[PDB]
S.K.: 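Here it is: the structure, laid out below.
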There are 6 protein chains.
Amino acid sequence: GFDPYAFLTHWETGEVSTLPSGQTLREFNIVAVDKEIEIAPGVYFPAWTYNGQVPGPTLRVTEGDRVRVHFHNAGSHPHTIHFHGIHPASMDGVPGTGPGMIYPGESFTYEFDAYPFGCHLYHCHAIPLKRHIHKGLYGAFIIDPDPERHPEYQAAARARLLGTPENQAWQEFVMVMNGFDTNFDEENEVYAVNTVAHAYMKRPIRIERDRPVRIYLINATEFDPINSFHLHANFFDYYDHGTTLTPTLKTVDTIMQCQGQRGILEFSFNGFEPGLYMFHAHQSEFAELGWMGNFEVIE
Amino acid sequence: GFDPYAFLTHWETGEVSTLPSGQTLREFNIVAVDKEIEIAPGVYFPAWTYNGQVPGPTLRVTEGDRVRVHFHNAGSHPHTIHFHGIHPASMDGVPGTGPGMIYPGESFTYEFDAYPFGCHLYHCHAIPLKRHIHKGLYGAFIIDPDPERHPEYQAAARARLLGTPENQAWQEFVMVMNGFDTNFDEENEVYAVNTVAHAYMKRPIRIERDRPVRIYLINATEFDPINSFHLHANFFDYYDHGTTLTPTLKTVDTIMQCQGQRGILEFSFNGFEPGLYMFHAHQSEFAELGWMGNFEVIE
Amino acid sequence: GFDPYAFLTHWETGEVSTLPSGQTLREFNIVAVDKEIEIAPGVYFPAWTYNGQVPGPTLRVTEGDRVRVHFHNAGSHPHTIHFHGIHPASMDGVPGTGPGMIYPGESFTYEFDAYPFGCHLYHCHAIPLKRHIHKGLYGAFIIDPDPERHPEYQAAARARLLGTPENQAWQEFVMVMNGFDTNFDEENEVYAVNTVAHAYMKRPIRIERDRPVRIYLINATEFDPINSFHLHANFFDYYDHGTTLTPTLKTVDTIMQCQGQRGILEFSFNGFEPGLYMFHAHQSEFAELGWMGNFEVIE
Amino acid sequence: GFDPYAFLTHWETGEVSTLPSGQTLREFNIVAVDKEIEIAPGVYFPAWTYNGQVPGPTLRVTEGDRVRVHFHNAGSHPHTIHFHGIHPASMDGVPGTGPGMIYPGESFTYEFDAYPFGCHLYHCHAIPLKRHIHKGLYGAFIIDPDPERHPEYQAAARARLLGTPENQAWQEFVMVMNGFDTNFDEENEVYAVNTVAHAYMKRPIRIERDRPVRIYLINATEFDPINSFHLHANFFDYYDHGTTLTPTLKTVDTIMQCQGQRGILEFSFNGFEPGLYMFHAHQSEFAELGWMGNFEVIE
Amino acid sequence: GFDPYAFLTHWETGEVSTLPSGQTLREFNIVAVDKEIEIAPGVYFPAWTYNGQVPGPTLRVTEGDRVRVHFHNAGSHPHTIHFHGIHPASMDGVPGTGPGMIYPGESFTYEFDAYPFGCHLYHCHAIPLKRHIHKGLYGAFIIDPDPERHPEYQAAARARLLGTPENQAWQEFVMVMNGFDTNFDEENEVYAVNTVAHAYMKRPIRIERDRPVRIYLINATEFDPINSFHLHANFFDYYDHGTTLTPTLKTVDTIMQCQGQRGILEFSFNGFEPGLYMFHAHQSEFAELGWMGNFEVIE
Amino acid sequence: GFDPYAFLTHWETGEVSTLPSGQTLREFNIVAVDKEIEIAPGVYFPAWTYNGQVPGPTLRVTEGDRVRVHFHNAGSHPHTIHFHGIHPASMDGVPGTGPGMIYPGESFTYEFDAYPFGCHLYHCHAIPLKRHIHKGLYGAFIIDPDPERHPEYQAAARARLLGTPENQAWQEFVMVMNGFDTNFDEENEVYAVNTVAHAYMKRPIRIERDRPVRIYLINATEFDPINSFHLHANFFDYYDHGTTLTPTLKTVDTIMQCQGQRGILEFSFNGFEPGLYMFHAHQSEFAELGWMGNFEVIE
Ligand SMILES: [Cu+2]
Ligand SMILES: [Cu+2]
Ligand SMILES: [Cu+2]
Ligand SMILES: [Cu+2]
Ligand SMILES: [Cu+2]
Ligand SMILES: [Cu+2]
Ligand SMILES: [Cu+2]
Ligand SMILES: [Cu+2]
Ligand SMILES: [Cu+2]
Ligand SMILES: [Cu+2]
Ligand SMILES: [Cu+2]
Ligand SMILES: [Cu+2]
Ligand SMILES: [Mg+2]
Ligand SMILES: [Mg+2]
Ligand SMILES: [Mg+2]
Ligand SMILES: [Mg+2]
Ligand SMILES: [Mg+2]
Ligand SMILES: [Mg+2]
């Protein structure tokens, strides 16, 4: 069922309402379920999934929102959701606090205010740690800045806030670097952005020349210490964790992340000759094994 | 014999005196001695140690102090002390300059002015390099900034200068990420912060939530290319090598270091729910094998 | 045949002329050729090379120059040149665009305007990716800033522009960190800076005390995820990708890069005691196997 | 508990009495006991020991003495004492004669006249042979020549008879070359003289250069076919098995022994510069792993 | 088919006659033949043999005899006989001289005067060297001294000359130490003296107390660098290569030989308590795997 | 460049002068240099060499000479020269005394009086021991007896003193048994006398029948415990370490040495049929892998 092309630009914004205090509330339903995923045609991986897909749903909210994630375990092992973000210890999704792990058939609502703004992620933190992550229990968590709380960077914040006219000008994509050890010997056999090896070689990502591009880039790769992103023929600005509104790194073409690191890349192909522009890990073996894709820059 | 709980807050400041010039002088005695260390109850590692402990003593001085380290080798192999700091070539603690390696029964006094301020480390640099480090000859070296030399940053410099009333408001900890290859095949079997696997799970580190937290974090891990630190439920500011009084990275929750890298982490649990807040490597294998700890945040 | 001591300070600036536009043109000739290279005396490696050496020629131009690289393949396999730099898709040196791979006996002229200013590199991007890089098809590509286009940073840009009186004060070196898998099992047996293991221990790099030092440092090491640079007894400023004229990191002594990353290091031994100051990877095994050198600081 | 520095010069001469015949009688108590031994600080070896030490007690008697060794097995496995000396078959300490093996809780008295004079040894001879030796059941057995039975060699015989004024001019040492397979795969991981690896590098053996030196040297090393002794900067005379009062080999600096071989080395540092003079196996691997020591020659 | 108990005392002295010179001639017939041999009951080894047994026939002559060995090859591979002895190059039994190797169906008569007196051996020297020896082509070759040519040592020479009344007093045995690699991976699985593992534990060698004992001991063991002989409860004199009539080593109980070395051991159990006296390699693993025997000393 | 045939009979006697005391002085210049050596045509070994050759120069002096060896390290690692011979501890060439190891670019003069007479050797003693030896840093060191100091053995001493009429009658050769682990797994793949596998099979060593032969035989082989020498068709006298003027062993054809042992072999082919007489290790695998040669006895 998983569609890596639709996944690129799918934002789950939840069912929105207003709390008695006036605070915006966003509610999400997440079910852990054991399910086959196809990481290449005829390559079946037995995954543990959030909502039947790997990566899990890309959750996207605004700084200051109240977030409720109704988590139900319909799997066979205990699971949690550990968010990278600010929240109480009892909402941290680790085995030793709060409700602990959520056992098969049980439910729990993670609830917190969405801080800090930036690019984040969530993943299972069960026993043992590496197993539940590698099996597929990870996803993206994006907290848009509230432009009313950043007057000194108003234009930047508005460009990131989903649905403003300024944000509609941007071409936004979410990319989770992941990998799979199909024979379960703690070494990856397949690498990818968004699970399907070479998916963006088979169908390049169409890019309109005149508009800028923003990527929310997350490293969920297990076993290997780092992953990386190299943009052919062009340079980008990098925002580590996306937690600042000015770049961490200006004018680079290769960055690296250990697992759990992530950030925002911004660049533009304005004025570029139309054609295919490659992007891939600069660990060459990862790129050969599926972590390589093409932007199709059109005029 | 090693106490990882006392080690967290123990600073060796030396025997202090004043040179004729009026410059402050700090003197340290360090003895290399072969010794067993317990890295888990019932797991004995045959170490080469500075002063009978792994990590070695945490040395803490002030920028511009004259430092004398009286080094004596009571072991069976040649050793040195190589400091990560500014010093003359003959004081660099490598085989090919100055006294060279210090053989069993020999002595040498490393002497230098303490520059630059920041978070540093020292370790053996003998033959072969990886062996003397892995065996346990490494420690922390902290140079507090002299606030009188940083007028534009007096408040930040005073917050780091040991014993100041501004400094006493901070909760300071030293954390050395290390690992041990028990069967000596150049692959770590046990990982830890401050040597004892899971020590801060058995006994969490108590934090008063009203006061901010500062960690001096150093990577001494051999064989593996990087190590990392992920703070649950919260974000910190990172000061690479601690050599600036303004942060290198603002608002992150996961950073990585290669061996010999190090820096300062500052954050606060003010206003957080009392509970257990985890900290650990984001290389999952490392965390399972002992590089996982808990902060106990209290009212 | 390869001289690592001359390579350190050799800049290929090309056949220079003026287009009808008035724009400066620099032409280079690059031939791919299969050739033995000696990575230690008596250790022969079967290389694929650019112009008969590994690393390939260091090409150095000015921001805004028109660059033409006439590439001919006199080897036995297809090859390309992929530049890290801004250029059209058809000039990106990858198999699926423009002329594609350049087969034995074929020629192709890569042409682009030299942007952005900074420290870059080129390497083969053929099938399979890791093979052509490991075999030796990589080199440095340095784009000096045009001081006229950076008024607020004139002095910094003049110090980097090859040939100016400000630039002549600087002691500039190029260092490619590489490695060789002699038994072709995807694991390096030999590490180095500029190909020849321990070359700068046999013959240290002479540094005059009273003039600053600039290193263009590039990671071309295959298979291993990262490489690193530690400067003994001193600290440097680091300019990631060299693409900014102010430092990325201030006052550091150990930095790391994944493959394809690179940057500029600036430091000074002014006032230091003359002698040998070591520099090497902080991955201890790389240092033992050849990636270790000495600066000989003189008066 | 084992002190390799005291062991060098410790002779067990027994409880001495006179039989009705007038023959001298020396009585020894030896108890087999399973015990941990430290072969390096933090390296514990589970040994089978004679009197709680490896090597066992060095027994020293005079040619023609009646010897009674009261053996008691306080271990968990059957053991014997097999002496390298002249004795009846029923006193030979092998499974198939006399009392056979001595089972836990059993006792037996080995009794024989001490012949021939020279340097000998004793060790377990149980099933399997290699296991009981490797586990630590071996020791030195020295039979001093009776000068009254060697008129033509009275001066040499008196130089060896313990306590004589001629003997007191000599500096005598006992050295057992041994090894330990810590993971029990029939390959030694640690080598030593007198058990503790590098013990005489940590603390050199003090020699008065005016007085000659005699070493009783015994090979107890299992698995490896030979062991050896190289004396730096000097030459010695070798007495194979110590069974002649004139040398077997004159003026050599390197000798080898298979297991169970042994002999006497005599030399002098008279007139030599005070300094450290090395002694070690000429099997380089053995020396690196702990069979290396220093003589400290003093005025 | 092979009887290790008869082999011990079997001397082949040849078809004896007188040349026209007056010089004694001894003729022997040796056939190479491929044959199974039993190295323990139920353990069959595919041998290449001289005259259908391993070791080959023990040939015993007198110093100065003319020797003719008519060699025929009835095997499937080429073979030679290389004697340890003085002879012309054309009679040396190596591939590149004289007749070369002797191929299936071919014959050749090796002819030489028997010098020097001592304990020697013969073996195949074909391609590859180790294969033909391991497969079983070796045997003893004993040259008795001519008492007439050694006036100052008449008694010693008479005691070695087969058949004299002095020689009849001696109990003479021949012992070839050998080994077998049954899975042909160049590592012995079975060790022995005279081929049959533990043959002299099953049936000890009867020794009359009041007569001395002489052993002709030869090392034919392949792959392992040395073999050894330890006599329990007694000491012997050793005559290296048997080529001197006075001992090389006096009063020893453990001696070692590399392959092709050999010598004579002389000892006496006169006055000993009757019983079993063990003899075996002091390489413990060889002894466990078959190279261990017993003398049964009688009254 | 290395010529194993010229090496056989090349004696480096140094530049000779007379000290103020009247003592003869011999000075030698030795440079450590990394260099390829060819151990078979097309088999390149990356060696560490003394004066660009393996084995190093054969140094030959007279008992009582003052020896000065001006050692310069032009290599990439630290090195020493450890002589087997009598000398002060500060001249012993070990890391822990005197100047210690000699680092790249440094120089040191080893100086001592040449005692005792005999056959000796020199080799590097650096960290780790086995590596520097195996890499090629070993050579022969021969101290001729001074006939004026040995009146009782005047003829013997004169026969060994280089250049006397008596010595000119002898045919003298130096033979260093060595081996190379080409894949650096601590097991030799190639064996040889004087480095080049089978060199004296390709060109036999021409021997004049009427004159006696003397070989200075040294074991420099690493990893394997022993090496050996078997002389076909003839017997020799052996002088252990060459330190005595009468034989250690009379009339043998096979001797063995552990590493660092050495000695003198003397024999004669007077009266022998002209032809090829083989000599080789009696460890058969060594002989197959290159340690085999031929004497060509001519009339
Ligand atoms: Cu889970
Ligand atoms: Cu995470
Ligand atoms: Cu050390
Ligand atoms: Cu360091
Ligand atoms: Cu290519
Ligand atoms: Cu690249
Ligand atoms: Cu026992
Ligand atoms: Cu024994
Ligand atoms: Cu054969
Ligand atoms: Cu032979
Ligand atoms: Cu060396
Ligand atoms: Cu040596
Ligand atoms: Mg796998
Ligand atoms: Mg390990
Ligand atoms: Mg490899
Ligand atoms: Mg073992
Ligand atoms: Mg086998
Ligand atoms: Mg090998």
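In each ligand, atom 1 is the first atom listed, and ligand 1 is the first ligand listed. Scope of the values below: all heavy atoms of this structure, side chains included, with no hydrogens, waters or symmetry mates. Order of the sequence lines fixes the chain letters, A, B, ..., with proteins taken first and strands second; residue numbering starts at 1 for each chain.
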S.K.: Let me know which of F:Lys130, F:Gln259, F:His134, F:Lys135 forms a side-chain hydrogen bond (donor to acceptor under 3.5 Å, both in side chains) with F:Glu222.
M.R.: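 Single pass found, and it is F:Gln259.
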S.K.: Mind checking whether F:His123 and F:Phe141 have side chains closer than 4.5 Å, heavy atoms only?
M.R.: no
S.K.: Does the plane of the ring in F:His125 sit parallel, tilted or perpendicular to the ring in F:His82? Use 30° and 60° as the thresholds.
M.R.: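 It falls in the perpendicular class, over 60°.
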S.K.: Would you give the angle at the Cu ion (ligand 3) between B:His132 atom ND1 and B:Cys124 atom SG, to the nearest 10°?
M.R.: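 Result: 120°, to 10°.
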S.K.: Of all N/O/S atoms in B:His79, which lies nearest to the Cu ion (ligand 3)?
M.R.: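 This residue's closest N, O or S atom turns out to be ND1.
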S.K.: So, for D:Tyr277 and D:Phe279, is the gap between ring centers shorter than 6.0 Å?
M.R.: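 Not under 6.0 Å, so no.
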S.K.: Do you know which two heavy atoms are closest between F:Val69 and F:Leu59, and how far apart they sit?
M.R.: CG2-CD1, 4.4 Å
S.K.: Does C:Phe83 have its ring centroid less than 6.0 Å away from the ring centroid of C:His120?
M.R.: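 Between C:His120 and C:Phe83, which both carry aromatic rings, the centre distance is not below 6.0 Å.
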S.K.: At distances under 2.8 Å, what protein N, O or S atoms surround the Cu ion (ligand 12)?
M.R.: D:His282 NE2, F:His84 NE2, F:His123 NE2
S.K.: Compute the centroid of each ring, for B:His79 and then for B:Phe71, and state whether the two points are separated by less than 6.0 Å.
M.R.: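 Aromatic pair excluded; centres sit 6.0 Å or further apart.
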